Every structure is written in structure tokens, then in C-alpha cells.
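Report on the structure given below.
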Amino acid sequence: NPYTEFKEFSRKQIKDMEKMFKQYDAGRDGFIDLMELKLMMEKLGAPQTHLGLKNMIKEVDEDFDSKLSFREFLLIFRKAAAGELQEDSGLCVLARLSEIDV
Ligand SMILES: [Ca+2]
Ligand SMILES: [Ca+2]
């Protein structure tokens, strides 16, 4: 339940993040993998290097399967709002360029 874990976000914000997550999960498997993340960053207008994509995932990949669950996607926005993302890092750019202002 993301609504009890991520209290810093409104329901509308979480739903918007859910909508974006689902947009880029091309295979409907419930995850964003590296290839899917590559495509998302391309379509946001800020393509990332292969290693940069890997490092983006690694920062929030709590179950070490090299792909992002919806919970881990939310962790990106939590980190952005906790002041923990490095200036102009891939994750910072993702959070900025999404329509979601946390
Ligand atoms: Ca997927
Ligand atoms: Ca994972």
C-alpha cells in the first residue's frame, strides 16, 4: 500500500506516478527494466547513458532484480523530496521532467 508508506504525497500525486509508471512498463509485467527506463528518458527528452541508466536503477533497487517495481519508482520521488538526489543526476532529471512536482 503506497498510500500509507508514502505519506509525503497526495493521492493525486501517487496516482499520477502510477499513471507514469504504467505508461512506460511496455510489457505490463509490473516493472520498469533498463530498456524501458532507456525509452522513458528518451521520450522525456533527456536520454541517459547505459551505465547512467544502470546507476539510476541501482540507487532505488531495493530487491536487487535490476528493475523497478512501483514502490521503487515512488522511492525516486521520495528521495527527490527528501533532498537526497545528486544535482543533475539521472534520477533528479527524471523527477524534474515528469509532470509530477513533489
Ligand atoms: Ca516491464
Ligand atoms: Ca527492484
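Data overview
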item	result
Computed [θ] at 222 nm, deg cm²/dmol, the chain (DSSP H ≥ 4; -39,500 (n - 2.57); rounded to nearest 500)	-17500 deg cm²/dmol
Added length on full extension, which subtracts the Cα-Cα distance from 0.36 nm per residue, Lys54 to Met35	5.8 nm
Qualifying GluC sites (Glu not before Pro) for the range 4-47 [loop in DSSP, other Cβ within 10 Å: at most 16]	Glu8
Within the chain: Cβ-based charge dipole about Cα centre, in debye rounded to nearest 20 (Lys, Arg +1; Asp, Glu -1)	300 debye
Cross-link pairs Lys7/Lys54; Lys7/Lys38; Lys43/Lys67; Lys15/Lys58; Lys38/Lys58 - those with Cα-Cα distance over 21 Å	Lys7/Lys54; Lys7/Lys38; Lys15/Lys58
Normalised convex hull volume, the chain, alpha-carbon set, Å³ per residue	94 Å³
Between the range 60-83 and the range 22-54, the Cα center-to-center distance that results, in Å	14 Å
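FYI the Cβ positions are ideal-geometry reconstructions off the backbone, even for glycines, and counts take in every protein chain you see. Only the coordinates and a few stated rules stand behind these numbers; no lab work does.
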